[PDB]
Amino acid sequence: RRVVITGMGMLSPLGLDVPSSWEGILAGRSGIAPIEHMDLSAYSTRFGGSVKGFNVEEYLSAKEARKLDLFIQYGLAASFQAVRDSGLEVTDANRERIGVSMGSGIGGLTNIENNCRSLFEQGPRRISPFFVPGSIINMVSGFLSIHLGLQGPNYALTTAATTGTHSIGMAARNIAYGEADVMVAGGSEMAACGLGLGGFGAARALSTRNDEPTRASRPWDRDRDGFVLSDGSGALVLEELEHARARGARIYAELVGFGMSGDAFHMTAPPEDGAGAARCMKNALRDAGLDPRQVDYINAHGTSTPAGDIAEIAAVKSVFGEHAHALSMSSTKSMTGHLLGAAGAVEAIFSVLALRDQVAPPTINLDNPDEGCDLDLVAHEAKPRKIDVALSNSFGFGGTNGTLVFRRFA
């Protein structure tokens, strides 16, 4: 059973929908700025990718919204955009065949931090009654199903940077194997609180380029110093092909492959050859029935880390051989930063749009490619080119790897 993309939705540091975000991507625009919503003078990193000007009231009543952490509000916004974009009418004849898989890396950290402050100052009577339902990761899937009447498979992944990739891949598996005809899948993140910036800062994971936030995210650049923490959400409507065809749906692209692997190497550090990423990409290509030479575009994991970026080049060279010099690969995290559990979702949308528009997004900030970083990394400016097959990679903490493969639809 074939799986197509019929609807997409997004909040990112570049825009409050897909068209606005993609316009930013193609123009080489950074969404990274000093963070406004808290005082970070004690933190080593004081900048990130925030969602600008979000109005939850476009999606939910002020009543419903006050009960939900920002990561849920973001996930719901993306989901509602995707469902609307799909044109699907939910009925009694199909509602059991429509499910949801929206994940998060960290979930309701802001809500946890604020409730923790009330707990320590006052005691447990100050904890919100909506604290649990409004903070737990599966409540994007939960609330979406309730609002739209979706009675199909209902779950949530939490796999760090791989969350959105795994969410989409496993949703596509549900449709492929007949457990559902439609799935809303992707991920959401809002970890820009004291615990998030302080936590990743304590692990020395973040860029500390406070003087030039728009230059901080620089995948494959010799002066990269860690990732940029970013917020938002991505959602796709995945649909069985015959189901989509029958209702006259607009098909953006086909989801042809999903691969997974584990490094089984280290908690935060990748193998220097990227062997786990290599296995993952090969698993996805095998799943899609594609040779490496059929790949035209890779949306890289490319988080702007010393070890991670070079390991991904190594894995691409291993998988693609001489064809590694013919494909284009870029990291849109150059512009968006690292959306953690949303990264795979937004990057899947950017991969589908590279197929729609026949354009490889840039890697901005790639001033001085490091040793070995000699592929077409689409430095600086978008590249019009032929793109039949687009791959999206995500490699998360714990060495958990996921690859999606999208194809132009015939």
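Basically, rigid core = biggest C-alpha set you can superpose within 1.5 Å across the two forms. Note that residue numbering follows the sequence shown and begins at 1.
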item: Higher-deviation stretch (C-alpha RMS, rigid core fit) in 4 other deposited structures of this protein, choosing from 348 to 356 and 35 to 43; value: 35 to 43
item: Which of 57 to 65 and 378 to 386 has higher mean CA B factor, as the PDB entry lists it; value: 57 to 65
item: 254 to 262 versus 112 to 120 - greater average Cα B-factor per the deposited record; value: 112 to 120
item: Deposited CA B-factor, highest of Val237, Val228, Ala171, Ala202; value: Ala202
item: Which of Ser167, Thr268, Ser217, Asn283 ranks first by CA B-factor in the deposited coordinates; value: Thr268
item: Chain thirds of CA B-factor: placement of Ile313; value: lowest
item: CA B-factor placement of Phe350, once the chain's modelled residues are sorted into thirds; value: lowest
item: Relative C-alpha B-factor of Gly186, binned into the chain's lowest, middle or highest third; value: lowest
item: Modelled-residue ranking by C-alpha temperature factor, third containing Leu26; value: middle
item: Third of the chain, ranked by Cα B-factor, where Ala300 sits; value: lowest
